[PDB]
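Report on the following structure.
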Amino acid sequence: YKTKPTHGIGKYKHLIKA
Amino acid sequence: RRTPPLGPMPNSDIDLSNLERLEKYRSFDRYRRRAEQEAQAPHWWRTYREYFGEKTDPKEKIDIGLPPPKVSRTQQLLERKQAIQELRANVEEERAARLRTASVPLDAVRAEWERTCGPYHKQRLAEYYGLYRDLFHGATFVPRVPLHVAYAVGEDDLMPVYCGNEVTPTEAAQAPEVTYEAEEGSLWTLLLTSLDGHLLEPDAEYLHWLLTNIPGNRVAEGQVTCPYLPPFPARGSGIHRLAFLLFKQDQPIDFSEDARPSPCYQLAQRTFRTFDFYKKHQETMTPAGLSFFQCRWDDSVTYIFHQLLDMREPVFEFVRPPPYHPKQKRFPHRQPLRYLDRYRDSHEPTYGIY
Amino acid sequence: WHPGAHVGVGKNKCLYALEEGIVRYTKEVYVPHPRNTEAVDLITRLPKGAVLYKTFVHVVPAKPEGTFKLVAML
Amino acid sequence: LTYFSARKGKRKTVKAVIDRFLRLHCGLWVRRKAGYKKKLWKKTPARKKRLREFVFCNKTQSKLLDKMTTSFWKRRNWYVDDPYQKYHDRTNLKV
Amino acid sequence: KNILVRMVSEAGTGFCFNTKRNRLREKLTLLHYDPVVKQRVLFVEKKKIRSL
Amino acid sequence: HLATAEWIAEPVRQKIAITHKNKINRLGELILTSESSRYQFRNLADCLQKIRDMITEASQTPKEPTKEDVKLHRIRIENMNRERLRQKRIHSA
Amino acid sequence: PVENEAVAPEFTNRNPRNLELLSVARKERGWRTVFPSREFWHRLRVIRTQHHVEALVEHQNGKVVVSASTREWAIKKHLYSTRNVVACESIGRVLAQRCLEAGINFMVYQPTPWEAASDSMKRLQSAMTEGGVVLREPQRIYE
Amino acid sequence: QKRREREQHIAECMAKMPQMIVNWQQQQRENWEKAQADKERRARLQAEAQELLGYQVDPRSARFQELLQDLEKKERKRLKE
Amino acid sequence: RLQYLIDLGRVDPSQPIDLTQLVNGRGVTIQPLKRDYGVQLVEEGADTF
RNA sequence: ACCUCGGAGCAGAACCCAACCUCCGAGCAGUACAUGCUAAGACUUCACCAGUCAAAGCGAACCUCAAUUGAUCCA
Ligand SMILES: [Mg+2]
Ligand SMILES: [Mg+2]
C-alpha cells in the first residue's frame with residue numbers, strides 16, 4: 001500500500017533502464 | 001501520507017547510477033539462485049515463513065551423546081590427498097569416466113558412510129521424523145556408533161530396520177538379531193519402543209523391548225527386564241514409528257522398580273515414557289545408537305490381539321469434517337433447484353400428517 | 001496480487017481460496033516460469049543485486065484434513 | 001389484472017405466469033434462464049450449463065407472482081410421479 | 001468469411017454439434033467425443049445453416 | 001456364527017471367512033450392518049442382499065478381479081521396494 | 001469388564017509422515033504464477049556446482065531428509081572427476097539407496113527445460129528409477 | 001423393435017467407425033505431406049532470382065509452377081489413356 | 001395413520017377396508033373434482049404396524 | 001450532434017461517482033474439437049434480467065483476446 005513502510009517494494013523499471 | 005521503511009529496502013544497496021557498469025544477470029539460473037538465497041534472509045516485512053508452521057525453531061537444543069572423536073584433520077586431509085592422487089595415477093579410470101561406464105562398490109560406499117558420516121544423516125532423519133520431539137522432548141543426540149538390527153521371518157533373506165525402514169508384525173513376530181561393536185568392559189541397555197499406537201493416552205508409548213547390562217556384544221546374556229512384544233498398529237490407524245535406542249553405561253546399574261512380570265501382557269504395565277525413563281536413569285547411561293521403522297496393520301496384528309493381549313481388536317477410520325454450507329435462505333435467489341438438496345437429511349419421500 | 005499458498009487463480013486473474021483458513025498478505029521474491037519469455041528476458045536484463053518482490057496472497061488452513069475415530073470393536 | 005370479473009365477481013389469474021413459472025407449495029417459484037436456447041454457438045460450456053439451470057425467484061418476484069395467480073395454483077398437489085415432489089416442502093429452515 | 005456448420009457422427013447416431021468453419025475450406029471430418037457411446041468418433045459436416 | 005453355518009457349503013464358507021475376515025467378531029460370527037434407509041424393513045433387506053451376494057460371489061471363484069490403481073498402487077509399490085531388501089544366507093524363525 | 005479395553009475413541013497419530021503416506025495429506029496447491037510449484041510432499045533438488053554435484057530430497061516445509069554430494073568423503077575417495085556425469089550417476093544411485101533406507105520412494109522433480117534436456121540429469125533420473133524410486137507422487141484422496 | 005433396430009445400427013456403426021478412423025488419420029498425414037511438398041516446391045522455384053521483391057521473381061515462379069502443374073496433369077491424362 | 005385409525009375405534013379391520021370405509025371413518029378426504037383418483041398407500045409407518 | 005458495449009482521465013491510496021466533459025477503441029479474429037458431463041463455494045456494473053470465477057468428482061490426454069453484442073413471443 002502507499003501509506004505503508006513496504007511501499008514501492010515491487011519497483012523494477014528503475015533498475016531496467018531498457 | 002507516507003511511512004519510512006522499517007529497515008533497508010531490498011534493492012537500495014545496489015547503485016542506481018552507472019547501471020551500464022553493473023554486470024547483468026545473463027541467465028535465468030543465477031537470478032534464481034540469488035532469489036532462493038535471499039528468500040531465507042530475515043526480512044522485516046511479512047513473509048510466508050512467518051505464517052506457515054516453523055514451531056518457533058531457533059532455540060539451542062540439548063545434546064546428550066558421546067563427544068566427537070578427536071581426529072587430526074591435517075593428517076587426515078593429507079591421507080585423502082594421497083588416496084586421490086593414487087586414483088589419479090591410474091588411467092583406466094580416466095578411460096572409464098570418458099567412456100561413461102563407472103560403477104561403484106555401493107557396499108563399500110555405504111560402509112564408509114556408516115563409519116564416517118552416518119551419524120549426522122541419521123540424526124537429521126530422526127529429527128525430521130520427530131523422534132527427539134517425541135522421545136527426549138526436544139533434546140537432540142547424534143548416534144555415534146552404527147547399529148545393525150535385522151528381523152527373521154524365514155530361511156535366507158533379510159528384513160533389516162534401517163533409518164526409517166518398514167516392517168509388519170508378520171516379519172516382527174519374534175525378537176530380531178541385534179549387532180554392534182563393543183569392548184569387553186562396557187555394559188549396554190537396548191530399548192525398543194513404539195511412538196504411535198497408544199490407545200488410551202495420546203502422549204505415552206508402548207515398550208516392546210528392554211535389555212539391561214549387555215556385557216559387550218553378548219546380547220544373549222543381558223537380563224530381560226521386559227520381554228519382547230511384537231508391534232500392533234491398529235487396523236484403521238495410520239503408520240506407526242518404532243525405534244531402537246541403544247545406550248552405554250559406565251557402571252553396572254540394576255533396577256526392579258522398572259522390571260515387568262514374566263508375561264507382562266498388560267498395556268497398563270507396558271505404559272512407557274522415554275523422557276521419564278531418561279530422567280530416572282539420567283546419570284548412568286548415554287545414548288549412542290538409534291534405528292527405526294514404520295509399521296502398518298497386517299493379518300498378524302489380529303492374532304496378536306487374539307492371544308497375546310486377550311482383547312477385542314480396535315479398528316479406526318479416517319473421517320473428514322462435514323461439508324460447509326451457508327445458512328439456508330427462505331428465498332434462495334438465483335440458486336439452482338438442487339440448492340434444497342444440500343439441507344435434507346434423508347433422501348426419501350415424506351408425508352407429514354397423512 | 002499474486003496467488004500464494006492455497007490460493008488459486010481463475011482464467012480472468014481472479015484470486016479464490018483453495019482451503020478454509022485465514023487470508024494473509026505477504027511480499028515474496030518473484031521468480032517467473034522459464035517458459036514465460038517476457039518475464040525471463042526482463043529477469044535477465046537485471047543486474048547482480050536485483051530481486052522483484054511481488055505481493056502475494058496466502059490462506060493458512062484452519063482445521064486438519066481429518067481425524068481417526070473408533071468405529072468397531074471386533 | 002381483473003381483480004373482479006364481469007361474470008362471477010372473482011379474481012382472475014395471469015396465464016403468462018402459469019406458462020412460465022412453477023410454484024412449489026412451500027412458496028418458492030422456479031423459472032428458466034433467459035436466452036438458454038438462443039445463440040448457443042457464441043456461448044461457453046460453463047455459460048450454457050448455468051443457463052440450463054432451474055433457479056429460484058426473489059421475494060419480491062414471488063409475492064408478485066402470488067398476486068398474479070389465484071389460490072387454485074397454490075394448493076397441495078399429489079401427482080403420481082412428480083419430479084418436483086420432494087421440493088414442495090422445506091427442511092432444516094430456521095426463521 | 002467464417003461459416004457455422006453442423007457435424008454429425010456416424011456411430012452414436014443422432015448426435016450433432018455446430019462448429020465454425022472457413023467457407024473456402026473443404027468439408028470437415030473431425031474426431032469428437034460422442035456422449036451416447038462414451039468415446040471419440042468421427043464427425044462429418046452436414047447441412048450447413050449459418051453465415052457469420 | 002460363520003463356522004457353524006451348515007446351510008452354507010464348506011468351501012464357500014471357508015472362502016467367505018478368508019475374504020471377509022474384517023467382519024468376524026471374537027466369537028467367530030460374521031457381522032453385517034445397514035444404514036441406507038430409515039426403515040428397518042429396507043435395512044434388513046439390504047443386509048440379506050449383502051449376505052446373498054457374498055455367498056454367491058464366494059461360490060463362483062473363477063471371477064476375474066478387475067485391477068484398480070487408486071489406493072493399492074501405493075501399497076504394492078511400497079511392498080515391492082520392501083521385498084527389494086532381502087539378501088542374507090542364514091536366519092530362522 | 002476388561003480394563004485393557006480402554007481405547008480413547010479418538011486416536012492421535014503423531015507421525016509427520018502418516019497423513020502423506022496415507023495420501024490424504026494436503027499439498028500446498030497454488031502459487032500458479034511463479035517457479036517452481038510447491039504442490040508436492042517431497043522434492044528432488046539438484047545443485048550442480050563447478051567442483052561438485054549434490055542432490056537432496058526435501059519435504060515441502062524445508063527440512064531435508066536425504067542427500068548425496070560428491071563432497072562426502074565416502075564416495076569422494078572412490079569416484080573420479082567429481083563434476084562428471086558418472087559422478088552424478090553415482091550420486092543418484094547412492095541417494096536412491098539411502099532414500100530407500102529412509103523409506104521414501106515417492107517424490108517429484110521439477111527441472112528447467114535445459115536441465116531436463118541435460119544428459120547428466122536424464123541419466124540421473126534413470127539411475128533413480130533403476131534404484132527403485134518412482135517420481136510423480138500420487139494424487140490426494142478427496143483433494 | 002425400434003429400440004433393438006437402433007441398438008443394432010449403433011453396434012454396426014462402431015465397427016464402421018474404428019475401420020474408417022485409421023483411414024482418416026492416414027488421409028490427414030497424406031494431405032499434410034502434400035501441403036508441405038507444395039510449400040517446398042514454391043520455396044524451391046524462387047531460388048533463382050536477381051532483384052528485388054516478390055513483384056517479378058514471384059510471378060515468374062508462379063507461372064513456372066502453373067506450367068509444371070499443367071505438364072503433370074497432361075502426363076496423368078496420358079497415363080490414364 | 002392407518003394404525004391410529006384402527007386403534008381409535010375408527011375403521012374396523014374385522015371387515016374389508018375400502019375407500020368408503022376410510023371416508024366414513026374420516027381418515028382421508030377424497031376430492032373427485034381436483035382430479036384425485038383415490039388413495040395411495042405409503043410406507044411411513046411400516047414398522048410398529 | 002448523439003442513443004449500445006469496452007479502456008484511460010476527471011475520480012491520486014477499498015468500492016461507487018456526472019457532464020451536448022477530455023481522449024482512444026468495439027459490432028471481430030486466430031487455434032483445438034473433452035470449446036465433454038457434473039458439482040462445493042463465491043463475485044456481480046449499485047434493482048431485476050442478464051453476466052463472471054471455481055475446488056472436488058465422472059470421463060479423456062498424460063483455450064488466446066477488452067469490448068467483439070440482442071430478452072420474450074413467434075418462425
Ligand atoms: Mg448486484
Ligand atoms: Mg476439476
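These values consider heavy atoms only, across backbone and side chains, with no hydrogens, waters or symmetry-generated copies. Naming convention: chains lettered A, B, ... in sequence-line order (proteins, then strands); numbering from 1 in each chain.
On the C1' atoms, J/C73 is 35 Å away from J/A42, given to the nearest whole Å. Taking atom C1' on both J/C43 and J/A14, the two are 15 Å apart, rounded to the nearest angstrom.
D/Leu51 comes within contact range of the sugar-phosphate backbone alone, with a heavy-atom separation under 4.0 Å but no base atom that close. At the heavy-atom level, B/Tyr324 lies under 4.0 Å from the strands shown only through sugar-phosphate atoms.
Taking the side chain of E/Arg40 as heavy atoms from C-beta on, and the options J/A60, J/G12, J/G36, the nearest nucleotide is J/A60. Side-chain atoms of B/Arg1 lie closest to J/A13 of the nucleotides J/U72, J/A13, J/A29.
With a glycosidic angle no more than 90° from 0, J/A32 adopts the syn conformation.
An aromatic stacking contact links E/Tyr33 with the base of J/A34, defined here by ring centres under 5.5 Å apart and ring planes under 30° from parallel.
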Distance-only criterion, 3.5 Å: show the donor-acceptor pairs between side-chain atoms of residues 135-143 of chain G and protein atoms not counting sequence neighbours.
from     : atom 1 : to      : atom 2 : distance (Å)
G/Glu137 : OE2    : G/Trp41 : N      : 2.7
G/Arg140 : NE     : G/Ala25 : O      : 3.1

List, one per line, each side-chain donor-acceptor pair under 3.5 Å for residues 121-130 of chain G, sequence neighbours excluded.
from     : atom 1 : to       : atom 2 : distance (Å)
G/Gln125 : NE2    : G/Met121 : O      : 2.7
G/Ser126 : OG     : G/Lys122 : O      : 2.7
G/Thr129 : OG1    : G/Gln125 : O      : 2.7

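For the 3.5 Å distance criterion, the side chains of C/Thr26 and C/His58 qualify, holding a donor opposite an acceptor.
Remark: P of J/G51 and NZ of D/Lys42 are 12 Å apart, rounded to the nearest angstrom.
Near-neighbour residues of RNA chain J inside residues 132-143 of chain G, defined by a heavy atom below 4.0 Å, number-ordered: G/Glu143. Contacts between residues 17-24 of chain D and RNA chain J, defined by a heavy-atom separation under 4.0 Å, are made by D/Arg20.
Applying the side chain to side chain donor-acceptor pair (under 3.5 Å) rule to pairs touching residues 7-34 of chain E yields E/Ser9-E/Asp34, E/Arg21-E/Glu45, sequence neighbours excluded.
Between G/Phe40 and G/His59, the distance separating the two ring centers is not shorter than 6.0 angstrom.
Judged as a side-chain contact (heavy atoms from CB on, under 4.5 Å), and not counting sequence neighbours, the contacts of B/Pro326 are B/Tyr324, B/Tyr343.
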